[PDB]
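Here is how the chains run, residue by residue.
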Amino acid sequence: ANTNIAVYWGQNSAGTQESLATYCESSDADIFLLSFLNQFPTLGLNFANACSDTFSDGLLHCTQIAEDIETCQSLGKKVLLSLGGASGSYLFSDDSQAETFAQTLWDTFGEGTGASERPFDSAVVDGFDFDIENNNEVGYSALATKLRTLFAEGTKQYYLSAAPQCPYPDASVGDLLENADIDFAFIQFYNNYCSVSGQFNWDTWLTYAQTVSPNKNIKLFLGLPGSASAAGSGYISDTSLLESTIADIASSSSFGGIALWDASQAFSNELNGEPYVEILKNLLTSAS
Ligand SMILES: Cc1ccc(OC[C@@H](O)CNC2Cc3ccccc3C2)cc1C
């Protein structure tokens, strides 16, 4: 597992986004981040065109995504629910509020037995990604830590991740990354000074993993756009640059692989017949 590919799914960056299970059945990706629980602590989900049904109270109710989560899991994929994204319709006032919210997540999305409305029926996520983008850090470390306690009650391994941008420390998930046990850091090396072709600062994140992260086994991911149209800048089509980049970063145990925004883009974008996500997967496997 220096060879994992993580993809965001749910926000249909490419327009042509297919079902979650379609991408799990592909073999080019290992970890799927459902984008997003964009409203909290008062729960709200958004998955663009992939789910429109609701409970009476307006909370999304997503029977096809639920079935696909189960299919994905049977095929050995991990499926995390991603909190946040670009909306900022989310904020904690304090750690206590965020700790209460851990229970809410556990009973709504995990193996908690507390009866609440379950957007994915009896399907159970494999954990949570913290894609916090509003530059407010209150509550996340306490939420993460409480979740770790609750996960012991479950019957499988759960994962927590965060999605910083490359500048260090991150203004939204820096405190989380420094103060809680996190499995994966999906670090965005684009739209920033520290992108791969800018002043690439992998070395800083390595220092973080080795000396700061409460989990010394945290895995770091090279976070990239999945196509030229998936973000404004920092898409890498130069496969020599990708090879050399992977070469440099794969020579520690802290390297986890590559994270992509998003499935729709990375799977549909071809060089020039071959899916971008497949190019990357094979580069990871060669390097290991
Ligand atoms: C329509 C829409 C599309 C994207 C939205 O949020 C997109 C971004 O915030 C994506 N954050 C992820 C976080 C991450 C981690 C590694 C590699 C890439 C990326 C991008 C929100 C809305 C409402």
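About the criteria used
- As a numbering rule, every chain is indexed from 1 in the order its sequence is written, which need not reproduce the entry's residue numbers; residues that lack coordinates are not presented.
- The basis for the side-chain values is all heavy atoms of the structure; hydrogens and waters are excluded.
- Residues with missing side-chain atoms are left out of burial classes, side-chain pairs and their counts.
- Helix numbers and strand numbers start at the N terminus; a helix is a DSSP run of H or I with at least 4 residues, a strand a run of E with at least 2.
- Here the radius of gyration uses the C-alpha set of atoms, whereas the globule reference equals 2.2 Å times the residue count to the power 0.38.
- Whether a residue is near a molecule or strand depends on its heavy atoms: if one lies within 4 Å, it is near.
- Two N or O atoms count as a polar contact when they lie within 3.5 Å, although within protein this holds only if one can serve as hydrogen donor and the other as acceptor, and sequence-adjacent residues are included solely when both atoms are side-chain atoms.
- Here the open area of atoms and residues is found with the Shrake-Rupley method and a 1.4 Å probe, where only the protein chains shown may cover a residue.
- When residues are grouped by polarity, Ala, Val, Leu, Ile, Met, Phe, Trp, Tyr, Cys and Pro land in nonpolar, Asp, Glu, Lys and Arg in charged, and all others, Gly among them, in polar.

### Quick notes on the overall build of the protein chain
Phase 1: Counting its secondary structure elements, the protein chain contains 9 helices and 9 strands.
Phase 2: Whereas a compact globule of 288 residues would reach a radius of gyration of roughly 19 Å, the protein chain reaches 18 Å, a difference of no more than 12%.
Phase 3: Taking the principal axes of its C-alpha atoms as reference, the protein chain extends roughly 50 × 40 × 35 Å.

### Overview of the site of the ligand
Phase 1: Around the ligand, the surrounding shell holds 13 residues, and the nearest of these are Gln11, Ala86, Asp131, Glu133 and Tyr190.
Phase 2: At 2.8 Å, a side-chain N or O of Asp131 approaches a nitrogen atom of the ligand.
Phase 3: Within the side chain of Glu133, an N or O atom sits 2.6 Å from an oxygen atom of the ligand.
Phase 4: Considering the ligand on its own, with 550 Å² of exposed area, one finds that the protein chains cover 74% of that surface.
Phase 5: Taken together, the elements giving at least two residues each to the shell around the ligand come down to β7 (184-188) and β9 (255-261).
Phase 6: Of the residues that constitute the shell around the ligand, the class distribution is 8 nonpolar, 3 polar and 2 charged.

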